[PDB]
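Peer 1: This structure is in C-alpha cells; I'll ask about it shortly.
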Amino acid sequence: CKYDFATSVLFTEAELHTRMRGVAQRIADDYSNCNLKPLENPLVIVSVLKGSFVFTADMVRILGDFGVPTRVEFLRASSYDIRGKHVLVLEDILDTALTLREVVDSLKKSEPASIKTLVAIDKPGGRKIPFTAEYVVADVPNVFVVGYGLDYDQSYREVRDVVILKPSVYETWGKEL
Amino acid sequence: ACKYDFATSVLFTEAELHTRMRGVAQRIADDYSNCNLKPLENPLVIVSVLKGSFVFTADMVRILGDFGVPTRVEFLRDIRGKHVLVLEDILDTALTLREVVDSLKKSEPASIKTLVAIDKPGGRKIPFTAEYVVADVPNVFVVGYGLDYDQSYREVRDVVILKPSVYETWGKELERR
Ligand SMILES: NCCCN(CCn1cnc2c(=O)[nH]c(N)nc21)CCP(=O)(O)O
Ligand SMILES: [Mg+2]
Ligand SMILES: [Mg+2]
Ligand SMILES: [Mg+2]
Ligand SMILES: [Mg+2]
Ligand SMILES: [Mg+2]
Ligand SMILES: [Mg+2]
C-alpha cells in the first residue's frame with residue numbers, strides 16, 4: 001500500500017473527483033428549475049466542520065463548473081438567514097445519522113425553501129435511525145477510514161485519498177495517550 | 001478575452017496558485033525540518049481564519065502533506081508547546097491577523113507564523129509581514145479561491161478582478177430591497 005500508516009486505499013482523490021462530477025451533474029439537473037443565481041439566489045451550502053472542509057472546498061468548485069452558484073456557511077459537528085433559500089447540507093461521513101438528523105431538523109426551523117444532504121462517505125450499515133442522504137459520493141462498509149478531511153484524533157485529514165487506517169496506528173496511540 | 005463575464009481580469013489561475021503553493025510548501029518543509037513534525041505526536045497546527053480561507057486551507061494542507069509536513073486543523077471565525085501556522089486567504093489592513101496572532105500567543109505555542117494566499121502590501125493600516133505569501137496583488141478588489149463578494153463567487157477557481165457592473169448592479173438591487 002502506498003501509505004505506511006494505511007492498510008489499503010479505498011478511494012483515490014481522482015476517483016472521488018470523478019464521483020463528485022457525477023453528483024454535480026445530478027445537482028445541476030435537480031436545481032435547474034429553481035433559477036439559482038449568484039447574489040440573488042445562490043444554493044446555500046451548509047458545511048459541517050471540521051471534517052467536511054476538504055470535500056466542501058472541492059465540491060463548491062465542481063458545482064461552479066456545472067453552473068450551480070453557491071454561498072457557504074459553516075457549522076461545527078461538536079455542536080451536534082436561510083428562510084426561503086435552497087439549502088444543501090454537506091457532511092464528510094454519514095454513519096449512525098444522529099448528527100445529520102439533528103442538523104437538518106435544526107435548519108428546518110428557519111423555513112428554507114428546501115433542504116437536501118450531500119455526503120462524501122455513507123456507511124449505510126451504521127444507522128441508529130433511518131436516514132437517506134439525497135446525494136452520496138461513495139459507500140463504505142464497517143471499516144474505520146481517514147483522509148479527504150476525515151481524521152483520527154485530529155491527524156490524517158490531509159491525506160489525499162480515503163484509506164483504512166491500520167490498527168497498529170490507533171491501538172498504539174490509545175496506549176500512549 | 002476574460003473567460004468570466006463577471007470579471008475584467010484573471011490575476012492568478014488555480015494552476016498558478018498551486019505552483020506557487022508548492023514553492024511555499026518546500027520552504028515550510030525546510031523551515032520546520034528541525035521541529036520533528038509527526039502525525040498524532042507533533043503535527044503542525046493549522047489555524048484557518050474562516051470563511052474565506054477554507055479553499056486555500058483544503059488545498060494547502062494537502063500540498064503540505066505531499067512535502068512531508070503533517071498537520072491538524074482548527075477554524076476561527078490547546079496549542080501550548082505546539083507549532084502554529086495561521087492561514088488567511090487575504091492579508092490587507094492586517095488588523096485581523098494582528099489580533100489573531102496576538103490572541104494565540106497568549107497560549108504559549110512553541111512558535112507561531114503566518115501563511116497568506118493573497119497579500120495586498122499596499123493595504124496596511126498597521127505594520128505586518130506574513131512569513132509566507134503565495135501571491136501579491138495590487139490595490140484592487142478580487143474574488144475567487146475562497147474570496148467573496150457579498151458571499152458569492154468564492155467557488156470561482158481563479159483569483160479575478162470583479163467587474164464594477166456586478167457590484168453597481170447588486171448595490172442598486174440592495175438599495176431597492
Ligand atoms: N469579508 C471579509 C474579511 C475582510 N478581510 C478581507 C477583505 N478584503 C480586502 N481586500 C479584499 C479583496 O480584494 N477581495 C475580497 N473578497 N475581500 C477583501 C480583511 C483582511 P485584513 O484587512 O484584516 O488584513
Ligand atoms: Mg471525471
Ligand atoms: Mg449520483
Ligand atoms: Mg461530521
Ligand atoms: Mg467526528
Ligand atoms: Mg480569511
Ligand atoms: Mg468577505
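Chains: A, B, ... in order of the C-alpha cells. Residues: from 1 per chain. Ligands: from 1, in order shown.
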Would you mind writing down, as a ChimeraX atom specification, each residue of chain B that DSSP on the backbone assigns to helix (DSSP H, G or I)?

Peer 2: /B:14-31,33-35,54-66,95-105,121-123,164-176

Peer 1: Could you write out as a ChimeraX atom specification the residues of chain B within 6 Å of chain A, counting only C-alpha atoms?

Peer 2: /B:39-40,55,58,61-62,72,151-152,155

Peer 1: Can I get the selected residues back with N, CA, C and O atoms, as a compact mmCIF listing (two decimals), in the first residue's frame?

Peer 2:
# COMPACT_ATOMS: atom_id res chain seq x y z
N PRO B 39 2.55 12.99 12.54
CA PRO B 39 1.13 12.80 12.88
C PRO B 39 0.97 12.38 14.33
O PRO B 39 1.80 11.66 14.87
N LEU B 40 -0.12 12.82 14.94
CA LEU B 40 -0.52 12.44 16.28
C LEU B 40 0.46 13.01 17.31
O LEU B 40 0.04 13.78 18.16
N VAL B 55 -10.98 27.25 1.15
CA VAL B 55 -10.45 26.65 -0.07
C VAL B 55 -8.93 26.58 -0.02
O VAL B 55 -8.32 25.52 -0.26
N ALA B 58 -7.92 23.87 2.48
CA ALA B 58 -8.04 22.50 1.95
C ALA B 58 -6.90 22.17 1.00
O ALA B 58 -6.33 21.08 1.08
N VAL B 61 -3.18 22.21 3.00
CA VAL B 61 -2.80 21.07 3.87
C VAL B 61 -2.49 19.84 3.04
O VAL B 61 -1.62 19.05 3.39
N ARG B 62 -3.17 19.65 1.90
CA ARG B 62 -2.83 18.51 1.08
C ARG B 62 -1.44 18.69 0.45
O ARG B 62 -0.67 17.71 0.34
N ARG B 72 -2.70 19.34 11.75
CA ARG B 72 -4.08 19.20 12.25
C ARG B 72 -4.67 20.59 12.06
O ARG B 72 -3.94 21.57 12.01
N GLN B 151 -20.78 37.22 -0.27
CA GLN B 151 -20.91 35.78 0.00
C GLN B 151 -20.96 34.93 -1.30
O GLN B 151 -20.96 33.69 -1.21
N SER B 152 -21.00 35.54 -2.48
CA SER B 152 -20.92 34.81 -3.73
C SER B 152 -19.51 34.83 -4.27
O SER B 152 -18.63 35.59 -3.82
N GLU B 155 -16.44 30.21 -5.01
CA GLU B 155 -16.14 28.97 -5.68
C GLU B 155 -15.45 29.16 -7.04
O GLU B 155 -15.12 28.17 -7.73

Peer 1: Based on DSSP run over this structure's backbone, return all residues of range 109-159 of chain A in strand (DSSP E or B), as JSON, numbers by chain.

Peer 2: {"A": [114, 115, 116, 117, 118, 119, 120, 121, 122, 135, 136, 137, 138, 139, 145, 146, 147, 150, 152, 155]}

Peer 1: What would the file look like if the residues just selected were written as a PDB file, in the first residue's frame with N, CA, C and O atoms?

Peer 2:
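Writing the result to result.pdb gives the following:
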ATOM      1  N   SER A 114     -35.990  24.625   0.559  1.00  0.00           N
ATOM      2  CA  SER A 114     -35.849  23.181   0.508  1.00  0.00           C
ATOM      3  C   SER A 114     -34.552  22.856   1.230  1.00  0.00           C
ATOM      4  O   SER A 114     -33.672  23.714   1.372  1.00  0.00           O
ATOM      5  N   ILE A 115     -34.431  21.618   1.676  1.00  0.00           N
ATOM      6  CA  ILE A 115     -33.187  21.171   2.296  1.00  0.00           C
ATOM      7  C   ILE A 115     -32.888  19.734   1.855  1.00  0.00           C
ATOM      8  O   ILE A 115     -33.773  18.859   1.865  1.00  0.00           O
ATOM      9  N   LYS A 116     -31.674  19.508   1.402  1.00  0.00           N
ATOM     10  CA  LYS A 116     -31.174  18.208   0.963  1.00  0.00           C
ATOM     11  C   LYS A 116     -29.782  18.009   1.564  1.00  0.00           C
ATOM     12  O   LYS A 116     -29.190  18.930   2.129  1.00  0.00           O
ATOM     13  N   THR A 117     -29.290  16.796   1.505  1.00  0.00           N
ATOM     14  CA  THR A 117     -27.998  16.482   2.089  1.00  0.00           C
ATOM     15  C   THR A 117     -27.130  15.805   1.055  1.00  0.00           C
ATOM     16  O   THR A 117     -27.594  15.062   0.183  1.00  0.00           O
ATOM     17  N   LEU A 118     -25.827  16.076   1.141  1.00  0.00           N
ATOM     18  CA  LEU A 118     -24.836  15.513   0.249  1.00  0.00           C
ATOM     19  C   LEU A 118     -23.704  15.030   1.148  1.00  0.00           C
ATOM     20  O   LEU A 118     -23.169  15.824   1.927  1.00  0.00           O
ATOM     21  N   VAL A 119     -23.369  13.738   1.096  1.00  0.00           N
ATOM     22  CA  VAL A 119     -22.303  13.237   1.953  1.00  0.00           C
ATOM     23  C   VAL A 119     -21.218  12.633   1.088  1.00  0.00           C
ATOM     24  O   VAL A 119     -21.474  12.059   0.017  1.00  0.00           O
ATOM     25  N   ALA A 120     -19.974  12.809   1.533  1.00  0.00           N
ATOM     26  CA  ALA A 120     -18.856  12.209   0.793  1.00  0.00           C
ATOM     27  C   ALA A 120     -18.847  10.686   0.975  1.00  0.00           C
ATOM     28  O   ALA A 120     -18.768   9.927   0.010  1.00  0.00           O
ATOM     29  N   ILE A 121     -18.914  10.231   2.225  1.00  0.00           N
ATOM     30  CA  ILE A 121     -18.876   8.804   2.550  1.00  0.00           C
ATOM     31  C   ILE A 121     -20.140   8.426   3.316  1.00  0.00           C
ATOM     32  O   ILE A 121     -20.439   9.009   4.374  1.00  0.00           O
ATOM     33  N   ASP A 122     -20.880   7.449   2.811  1.00  0.00           N
ATOM     34  CA  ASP A 122     -22.005   6.896   3.548  1.00  0.00           C
ATOM     35  C   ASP A 122     -21.584   5.520   4.087  1.00  0.00           C
ATOM     36  O   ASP A 122     -21.020   4.707   3.353  1.00  0.00           O
ATOM     37  N   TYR A 135     -27.756  12.752  -1.873  1.00  0.00           N
ATOM     38  CA  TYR A 135     -26.605  12.576  -2.726  1.00  0.00           C
ATOM     39  C   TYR A 135     -25.480  11.934  -1.923  1.00  0.00           C
ATOM     40  O   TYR A 135     -25.138  12.429  -0.839  1.00  0.00           O
ATOM     41  N   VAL A 136     -24.866  10.891  -2.488  1.00  0.00           N
ATOM     42  CA  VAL A 136     -23.784  10.176  -1.829  1.00  0.00           C
ATOM     43  C   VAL A 136     -22.624   9.999  -2.826  1.00  0.00           C
ATOM     44  O   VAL A 136     -22.802   9.396  -3.887  1.00  0.00           O
ATOM     45  N   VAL A 137     -21.422  10.369  -2.421  1.00  0.00           N
ATOM     46  CA  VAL A 137     -20.296  10.229  -3.335  1.00  0.00           C
ATOM     47  C   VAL A 137     -19.786   8.785  -3.344  1.00  0.00           C
ATOM     48  O   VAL A 137     -19.601   8.185  -4.410  1.00  0.00           O
ATOM     49  N   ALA A 138     -19.611   8.202  -2.149  1.00  0.00           N
ATOM     50  CA  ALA A 138     -19.215   6.763  -2.066  1.00  0.00           C
ATOM     51  C   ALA A 138     -19.729   6.126  -0.788  1.00  0.00           C
ATOM     52  O   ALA A 138     -19.978   6.822   0.219  1.00  0.00           O
ATOM     53  N   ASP A 139     -19.859   4.780  -0.813  1.00  0.00           N
ATOM     54  CA  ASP A 139     -20.283   3.986   0.334  1.00  0.00           C
ATOM     55  C   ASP A 139     -19.079   3.231   0.870  1.00  0.00           C
ATOM     56  O   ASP A 139     -18.234   2.777   0.081  1.00  0.00           O
ATOM     57  N   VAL A 145     -12.046   4.742   8.463  1.00  0.00           N
ATOM     58  CA  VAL A 145     -11.356   5.355   7.341  1.00  0.00           C
ATOM     59  C   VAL A 145     -10.858   6.725   7.794  1.00  0.00           C
ATOM     60  O   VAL A 145     -11.459   7.362   8.659  1.00  0.00           O
ATOM     61  N   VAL A 146      -9.774   7.190   7.162  1.00  0.00           N
ATOM     62  CA  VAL A 146      -9.310   8.556   7.328  1.00  0.00           C
ATOM     63  C   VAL A 146      -8.987   9.109   5.944  1.00  0.00           C
ATOM     64  O   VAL A 146      -8.946   8.371   4.967  1.00  0.00           O
ATOM     65  N   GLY A 147      -8.648  10.408   5.898  1.00  0.00           N
ATOM     66  CA  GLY A 147      -8.255  11.009   4.643  1.00  0.00           C
ATOM     67  C   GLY A 147      -9.401  11.860   4.072  1.00  0.00           C
ATOM     68  O   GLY A 147     -10.568  11.728   4.464  1.00  0.00           O
ATOM     69  N   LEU A 150     -11.244  13.424   6.731  1.00  0.00           N
ATOM     70  CA  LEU A 150     -11.563  12.552   7.863  1.00  0.00           C
ATOM     71  C   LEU A 150     -10.314  12.285   8.687  1.00  0.00           C
ATOM     72  O   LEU A 150      -9.285  11.910   8.123  1.00  0.00           O
ATOM     73  N   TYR A 152      -8.147  10.831  12.331  1.00  0.00           N
ATOM     74  CA  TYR A 152      -8.041  10.001  13.542  1.00  0.00           C
ATOM     75  C   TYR A 152      -7.331  10.866  14.572  1.00  0.00           C
ATOM     76  O   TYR A 152      -6.200  11.278  14.308  1.00  0.00           O
ATOM     77  N   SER A 155      -5.441  13.973  13.331  1.00  0.00           N
ATOM     78  CA  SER A 155      -4.451  13.791  12.274  1.00  0.00           C
ATOM     79  C   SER A 155      -5.038  13.078  11.059  1.00  0.00           C
ATOM     80  O   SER A 155      -6.150  12.574  11.102  1.00  0.00           O
TER      81      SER A 155
END

Peer 1: Taking only C-alpha atoms and all ligand atoms and a cut-off of 10 Å, can you tell me which residues surround ligand 2, written as a ChimeraX atom specification?

Peer 2: /A:14-22

Peer 1: Keeping C-alpha atoms for every residue in the selection just given, could you write it to a file as a PDB file, in the first residue's frame?

Peer 2:
ATOM      1  CA  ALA A  14      -9.167  11.144  -8.686  1.00  0.00           C
ATOM      2  CA  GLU A  15     -11.860   8.589  -8.092  1.00  0.00           C
ATOM      3  CA  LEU A  16     -13.605  10.876  -5.561  1.00  0.00           C
ATOM      4  CA  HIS A  17     -13.497  13.752  -8.031  1.00  0.00           C
ATOM      5  CA  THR A  18     -14.970  11.593 -10.820  1.00  0.00           C
ATOM      6  CA  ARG A  19     -17.835  10.586  -8.499  1.00  0.00           C
ATOM      7  CA  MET A  20     -18.243  14.201  -7.432  1.00  0.00           C
ATOM      8  CA  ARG A  21     -18.605  15.349 -11.034  1.00  0.00           C
ATOM      9  CA  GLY A  22     -21.330  12.686 -11.432  1.00  0.00           C
TER      10      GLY A  22
END

Peer 1: Which residue is closest to ligand 3? Choose from A:102, A:29, A:4, A:161 and count only C-alpha atoms and all ligand atoms.

Peer 2: A:29
